[PDB]
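Here you get one chain, nothing else, as structure tokens; it is the form deposited in one PDB entry.
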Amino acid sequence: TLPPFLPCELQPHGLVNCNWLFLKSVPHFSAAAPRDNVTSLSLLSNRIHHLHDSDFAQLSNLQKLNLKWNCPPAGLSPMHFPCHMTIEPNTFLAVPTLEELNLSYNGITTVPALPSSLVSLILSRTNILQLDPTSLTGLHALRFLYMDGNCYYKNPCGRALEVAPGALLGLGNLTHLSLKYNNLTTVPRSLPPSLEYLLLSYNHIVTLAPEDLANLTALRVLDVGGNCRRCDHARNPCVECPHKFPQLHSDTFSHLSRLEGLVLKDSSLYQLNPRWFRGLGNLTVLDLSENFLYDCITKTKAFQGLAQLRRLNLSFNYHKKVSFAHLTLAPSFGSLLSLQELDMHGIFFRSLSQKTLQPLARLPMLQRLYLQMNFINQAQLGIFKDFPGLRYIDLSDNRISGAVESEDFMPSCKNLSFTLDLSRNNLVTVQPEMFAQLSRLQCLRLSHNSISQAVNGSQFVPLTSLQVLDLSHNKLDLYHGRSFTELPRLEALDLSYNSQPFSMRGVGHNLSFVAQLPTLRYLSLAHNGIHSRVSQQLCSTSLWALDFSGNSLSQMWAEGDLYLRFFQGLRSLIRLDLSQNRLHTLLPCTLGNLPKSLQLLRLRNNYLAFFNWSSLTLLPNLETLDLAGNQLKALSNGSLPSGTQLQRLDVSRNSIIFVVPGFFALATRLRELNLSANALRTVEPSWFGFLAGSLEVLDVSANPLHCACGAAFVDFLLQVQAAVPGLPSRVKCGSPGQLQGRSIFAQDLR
């Protein structure tokens, strides 16, 4: 029988998802559907312009309703089409259980009547230009009001949004208010004392005083950034902050003892008034980005009081048209004993020395340090030795060049104890000297440099704890036999996109160093265009995973018997990616020379038009096989052979016209199968023997199915619907006539 909520899709935790179905009105759903197991209803980005009383009446246990992007104002319409949305006055009253509503990106000019149950209301990017107490009548349970972007460059109005004095006082539970991008010039008078988060960024509130935040002693977060902007850093349309502005009175934040988060970004500040931070001893996050505090951070004592502060953002506090030769942080940074995260990216300074970060050197909790995009050309990396609790340094996108004068295939550094990112720098060789005091390092990123060195075993000698080394997007010449052997703990090495040496026609290269890395588990030689004149075998007893994608095994395996055993010496290998290797053909003899230990084999985006399925028995441990993106015209020439351990099979984006009967039958372990984007005109239960019920995923979307009245496929997909993703909307007909390009349920086939 049918999916219960056609054309929408029943998802977990009682969600009915009608997203992106181009609906003109809300679907009703027959009484046969369990409309009370329905706890949430999503109608994102349809084209419903008219909302009725009956539309939600029958969904009597509905808690969440998303109606976003259905009727976008002209400025947000991708083609500037106007749209007004009519709501019948009992539309939402008929859902007395409603808790969260999203009416954002919809042309409405007044708030509709809403049930008292409502805990959350989002009215952002609407055309509502006024809020007064009649707007939000009887919403005493309401805790969240979000109404950003009702008057700005993308949704203009010609005036300020008008929140009348005391308009929201009726809302006794209101903790979260947001009114960003509304062209406000003053804070709204008399907001509920219950407010905990108040967000007024990207308005034009140029003056503040303690009157402007009267009675808001519950505030835990206050965002007032972007009201007086520096447009030299603006990516969007921007009005430059007037001269003699902004004016923030000293004691503006004095009565906010509970304040945890203060955002003052992009406020054109040349000087921090320390009186701003008096009485803010409970402050944990302070954002001062995109201001002009480049001098003030070498001098100020305004941080002295902030004992509990954890995150400090000083990024893009850069002087117009200049980078500094030197930057020395203030002594008062040394009293931030709680500090975990410091962002100094985009200040622009040329030198990083002991003096630069001296005050931070004895802070016990300092873990993450962002110094990227600073045009730094000299860096004494040895300063980080004495930092007690450091876990992460981002020094990427700098001009440092030396010492001073898919998680299956490559693991991330996220859970390691000490990571240095030096990517997007100007190293052309690696000097041991620059790492002299970094023997604690577990992860080093040096990608997107200009390293064009024949590494030999002498470059990374100090790094005796290093487990991950990323050298992707460089020009390494792999030639000497002992490259990387100075790293006793190396488990993951990325040498991808170092293609240029391998392009050098008539000059060969040496991969025999892989045998000399006894602890290595992960290796990417991906996107190197390896095609000729290389070692005939990779040899390693430790290696579990090898990305060899983006090379030309094609040309290698065409070259007599030289490279037929290339991957055979990888005795423990469990994952191999041979994708985009230009393979037009495979011998069964080539596949059997891959390691017996293999569990995962990718051959994506090759040019294979034929695959001898019987040779899968030569890889007895194979659980996953990816042939996506090849040119198979059929699943045939044998079946999946007996006793095969295969669980995941992807033959998507081929040109498969048919499947032989009983093709999958002997693959009893098969759980996930992707037949998407092929030329299948039908889906038969006879492909699966009659053991298809074990399948957890069967993707048959984007296939030119023959939707002839009474077709055998229709019935089959309903018997295994739990396993077919997107069945209600995305499995479509290629024929006949007017059904082409429309869902299989666009007319009843039975």
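The term rigid core refers to the most C-alpha atoms you can superpose between the two forms while keeping them within 1.5 Å. All residue numbers refer to positions in the sequence shown, first residue = 1.
Is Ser406 one of the residues left unmodelled in a third or more of the other entries compared?
Yes, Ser406 lacks coordinates in at least a third of the other compared entries that model both of its neighbours.
Per the entry, how many residues of the deposited chain go unmodelled between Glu405 and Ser406: none, 1 to 3, 4 to 9, or 10 or more?
A long stretch, 10 or more residues, is missing between them.
On mean C-alpha B-factor from the PDB entry, just flag whether 131 to 139 or 532 to 540 is the higher one.
Result of the comparison: 131 to 139.
Quick check on the record: does 445 to 453 or 334 to 342 carry the larger mean Cα temperature factor?
The entry gives the higher C-alpha B-factor average to 334 to 342.
Between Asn551, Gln631, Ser190, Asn317, which one tops the list for C-alpha B-factor in the PDB entry?
Largest recorded C-alpha B-factor: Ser190.
Selection by C-alpha B-factor (highest) of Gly281, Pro237, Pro462, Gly481:
The record points to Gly281.
Taking the values exactly as deposited, rank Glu88 by C-alpha B-factor within its chain and report the matching third: lowest, middle or highest.
Within its chain, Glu88 is a highest-third residue by C-alpha B-factor, going by the deposited values.
Looking at the entry's B-factor column for C-alpha atoms only, identify whether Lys244 ranks in the lowest, middle or highest third of its chain.
Highest third.
Report the third (lowest, middle or highest) to which the CA temperature factor of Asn593 belongs, ranking only the modelled residues of the same chain.
Ranked within chain, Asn593 CA B lands in the middle tercile.
Using only modelled residues of the chain, where does the Cα B factor of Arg362 rank: lowest third, middle third or highest third?
Top third by C-alpha B-factor.
Should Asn182 be placed in the lowest, middle or highest third of its chain by the C-alpha B factor in the entry?
Middle third by C-alpha B-factor.
Unshown form deposited in another entry; subsequent notes refer to it.
If I align on the rigid core, exactly one of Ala209, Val461, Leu337, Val322 should have its C-alpha move by 2 Å or more between the shown form and the other one; which residue is that?
The only residue crossing the 2 Å threshold is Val322.
Rigid core superposition, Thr185 Cα moves 2 angstroms or more between the shown form and the other one:
No, shifts by less than 2 Å.
Any CA movement of 2 Å or more for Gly508 between the shown form and the other one, core superposed?
Yes, shifts by 2 Å or more.
Core fit, then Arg235 C-alpha moves 2 Å or more between the shown form and the other one:
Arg235 C-alpha, core-superposed: shift of 2 Å or more.
Hey, the CA atoms of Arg505 and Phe484 end up closer or farther in that other deposited form than in the shown form, with the change being 3 Å or more?
Compared with the form shown here, the C-alpha atoms of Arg505 and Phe484 sit closer together in that other deposited form, by 3 Å or more.
Where do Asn317 and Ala325 end up in that other deposited form, Cα atoms closer or farther than shown, with a change of 3 Å or more?
Distance between the C-alphas of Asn317 and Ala325: shorter in that other deposited form, by 3 Å or more.
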